[PDB]
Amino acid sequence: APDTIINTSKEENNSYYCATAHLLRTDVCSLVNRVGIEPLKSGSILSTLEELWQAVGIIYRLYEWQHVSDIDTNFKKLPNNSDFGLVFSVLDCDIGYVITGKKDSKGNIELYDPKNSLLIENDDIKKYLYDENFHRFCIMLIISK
């Protein structure tokens, strides 16, 4: 349940905190006052994203590392009205990077990068994944809260 917030600063405003707070529809202050300030567990953003979801009670299904060429095939197999996390490997990043996404009733995809306030809809999604130097990806589909 949301607390009063100013988006806070330093490094609670990381992808994985920011992506998790958007999907739970809460804020990063509610996220640090419960659970705490999570360091990078085991060096993998995936591991720290997963264990942040375990801490806050998100029940998810995981889809393993694949090349970004076959991402629309994963998009097509997702159920309609579904929210999910998206961990990407990046050419100029030594760790992963997390964005959020949703599938609407009509089967469209919308992607949201909360840390950079970036919102992408179908028909701009291909250009975005290319512009962002995304290579591999891993989808975390929420089942329940």
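In this text, residue numbers run from 1 along the sequence as written.
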Mean C-alpha temperature factor, higher of 95 to 103 and 35 to 43: 35 to 43
Mean CA temperature factor from the deposited coordinates, higher in 9 to 17 or in 118 to 126? 9 to 17
For residue 141, return the chain-relative third of its C-alpha B-factor as stated in the PDB record: lowest, middle or highest. middle
Splitting the chain's C-alpha B-factors into thirds, which one does residue 25 fall into? middle
Where does the C-alpha B-factor of residue 113 rank in its chain, lowest, middle or highest third? lowest
Which third of the chain holds residue 65 when residues are ordered by C-alpha B factor: lowest, middle or highest? highest
